[PDB]
Every structure is written in structure tokens, then in C-alpha cells.
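Coming up is one lone chain in C-alpha cells, specifically the form deposited in one PDB entry.
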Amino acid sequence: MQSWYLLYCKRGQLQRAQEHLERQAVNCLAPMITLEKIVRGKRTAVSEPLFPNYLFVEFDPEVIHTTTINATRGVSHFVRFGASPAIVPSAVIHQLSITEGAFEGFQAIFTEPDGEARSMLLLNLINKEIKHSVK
């Protein structure tokens, strides 16, 4: 069925990966966040990638193979849970536009002004939320 995954893109190739993935009918998602940063010693508002160089993608792994995504121009790799691509729970995706760990994990993400910290937070939250869906 349609599932969401999380890819890392090659340095500066994100827009390229979005291109080639969308060409293959894979839905792409690279959320931005508007926040107050310092620019020329003045506090101002900027829009920047919520999770730099990461891209959420949605496709049916029975229609398009992960090996095909893993060979798409611009793509570096899947975020994995174990040895296989992490399937990002939809509750996580929903918080970009629900679980308690998810909810609070994103409260932390949305208030973290450094993108690399936001991504680290993201990876941890996806790990935790997937483990929580196990028996």
C-alpha cells in the first residue's frame, strides 16, 4: 500500500531528487519552517528546511521498488529501521500538517532553531514511534 519513507539526499541534490522522484510518481515532502534567526546581527524571519537534506516520500513498495528509489538521481539513502527502510508512521506525517510521543517530539522539533538538531530529533522520534507499534 502507499507508505511514507524518509530519504537523505546527496549534498545539494535535494531539488534534483525531488525532481526525479516526482517524475516516477513518488510523492515528495520537504517541509519548511519559518522562524526568527539572526542575519547581519539583526533578528529577522527566515524560511529554511525543517530537516536539511531530508525528504519524506510516499510510494507503494509493491508498485515501485525501494531498490528503484535507492537508485534515483539525487538520493543518498533511506533512513532505516534495522536493515530495511523505516516506514514513517502516518501519525508522524500528520504532525507536519497523532501520537503522544509524536505530538511532543514535534513540539520539541518545532521549537529547535538548528536544522541538524531538528533532524536528529526526527530520527529519534521515528525510531521510538516505530518501536511503539511493535508487539
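Between two forms, the rigid core is defined as the largest C-alpha subset superposing within 1.5 Å. Sequential numbering from 1, following the sequence displayed.
Trainee: Would you mind checking whether any residues of the deposited sequence sit unmodelled between residue 97 and residue 98, and how many (none, 1 to 3, 4 to 9, 10 or more)?
Mentor: Missing in between: 10 or more residues.
Trainee: When the Cα temperature factors in the entry are averaged, is it 48 to 56 or 79 to 87 that ends up higher?
Mentor: Higher of the two, by average CA B-factor, is 79 to 87.
Trainee: Would you tell me which stretch averages the higher CA B-factor in the PDB entry, 101 to 109 or 58 to 66?
Mentor: Per the PDB entry, the higher value belongs to 101 to 109.
Trainee: Name the third of the chain's ranked CA B-factors that contains residue 31, choosing lowest, middle or highest.
Mentor: It belongs to the lowest third of the chain when residues are ordered by C-alpha B-factor.
Trainee: By its CA B factor, does residue 10 count among the lowest, middle or highest third of the modelled residues in the chain?
Mentor: It falls in the top third of the chain.
Form deposited in another entry: not shown, discussed below.
Trainee: Superpose on the rigid core and name the single residue from 29, 46, 91, 79 whose Cα moves by 2 angstroms or more between the shown form and the other one.
Mentor: Meeting the 2 Å or more criterion is only 91.
Trainee: Since the C-alpha distance between residue 15 and residue 85 changes by 3 Å or more in that other deposited form, give its direction relative to the shown form: closer or farther.
Mentor: Note: Cα gap between residue 15 and residue 85 widens in that other deposited form.
Trainee: Classify the change in Cα distance between residue 91 and residue 59 in that other deposited form as closer or farther, relative to the shown form (magnitude of 3 Å or more).
Mentor: Closer in that other deposited form, by 3 Å or more.
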